[PDB]
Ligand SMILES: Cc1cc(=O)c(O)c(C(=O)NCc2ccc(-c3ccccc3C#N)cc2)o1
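The chain below stands alone and is given in structure tokens; this is the form deposited without this ligand.
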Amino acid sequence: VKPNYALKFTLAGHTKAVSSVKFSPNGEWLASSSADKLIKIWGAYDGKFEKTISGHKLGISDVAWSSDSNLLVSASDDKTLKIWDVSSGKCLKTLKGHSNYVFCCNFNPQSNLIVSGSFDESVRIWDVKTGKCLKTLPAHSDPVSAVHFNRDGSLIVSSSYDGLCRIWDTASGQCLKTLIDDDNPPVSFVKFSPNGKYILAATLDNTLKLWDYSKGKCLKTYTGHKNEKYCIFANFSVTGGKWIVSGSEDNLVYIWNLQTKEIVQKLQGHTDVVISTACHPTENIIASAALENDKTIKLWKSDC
């Protein structure tokens, strides 16, 4: 089986490179963030522009939804994160504490905590309600490219240009694991699988890898795309066939069969590097977003 993603909508409006796209957990919305300092909300099913959320002083590198789809958190070159109430557009809290650009962010599953990674080479854990920093982890020795909570929130995974993936105990801040393979390329992205058994990691040598983090073993590698320069998001697609989805520096979306590692589809249309992709939580829908020469978001739908 192969999917049949087809272009349905193109979303224009950001005035600079798009940095991140994410579907709300309730499936209704797509949030996007951009070098243009803005967050935009769009209908997930019709691509219809909903609203703009503004307030950051500098470009935004990441945005993420709370579990109940009510809140967003964003990470900006202004060295802050902001927590937003989506329905009102209000900035509820500005999270101050990183000493350099904040590059990546996520809520835990209970959405009472936020994790962030920064060019300051740290990972910070923040209290959502009070907005105050609970823990700072001296996590890495180069900028932190990605941060993600596991399924119950007891662990954090981080990745860095230092070539390392690390797994942290949320409660204690202790480094429980360092993952690295036979080479030391910068690691540009990581996340836990939906079931929380695995970690998917991107490295800037054109490779994605699926790790059993419990065993410290690399189980699968995905190759064929181009990724040497940018921190490109990758995903597990689980609504239909089980795929791996990623952007690429050849302006395409790549889809692999998770088990076989064969490329099953490539999606053409963007005119610049596809920096970010996201997968709809219940429908076979992919959003993709491209860099400065393109500035658009595209929504693709498949029968499986």
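Rigid core (definition): largest C-alpha set, two forms, superposition within 1.5 Å. Start at 1 with the first residue shown and count on from there.
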Mean C-alpha B-factor comparison - 209-217 and 82-90, higher one
209-217
Taking the deposited Cα B-factors and averaging over 156-164 and over 193-201, the higher mean is found in 193-201
Based on the PDB record, which member of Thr277, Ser66, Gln268, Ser32 exhibits the highest Cα temperature factor?
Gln268
By its CA B factor, does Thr223 count among the lowest, middle or highest third of the modelled residues in the chain?
middle
Could you tell me which third, lowest, middle or highest, the C-alpha B-factor of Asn284 occupies within its chain?
highest
Select lowest, middle or highest to describe the third in which the CA B-factor of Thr136 falls within its chain in this entry.
highest
Comparing against every modelled residue in the chain, figure out the third that the C-alpha B-factor of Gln259 lands in (lowest, middle or highest).
highest
By its CA B factor, does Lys96 count among the lowest, middle or highest third of the modelled residues in the chain?
middle
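A second form of this protein, the form solved in complex with this ligand, is not displayed here; the remarks below concern that form.
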Partner absent here, but in the entry with it bound, which of 195-203, 166-174, 90-98, 123-131 has residues with a heavy atom within 4.5 Å of this ligand?
195-203
Name the single residue among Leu252, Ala278, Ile41, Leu258 that comes within 4.5 Å of this ligand in the entry with it bound, judging by heavy atoms.
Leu258
Going by heavy atom distances of 4.5 angstroms or less, which of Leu179, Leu210, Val86, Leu137 would be at the interface with this ligand in the entry with it bound?
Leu210
Residue-level contact is defined here as any heavy atom of the residue lying within 4.5 Å of this ligand in the entry with it bound; does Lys266 satisfy this criterion?
no
Check whether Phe236 has any heavy atom within 4.5 Å of a heavy atom of this ligand in the entry with it bound, and answer yes or no.
yes
Whether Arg151 contacts this ligand in the entry with it bound should be assessed with a 4.5 Å heavy atom distance threshold; does it?
yes
Out of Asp212, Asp181, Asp142, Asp85, the position with Cα displaced 2 angstroms or more between this form and the one not shown on rigid-core fit is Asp181
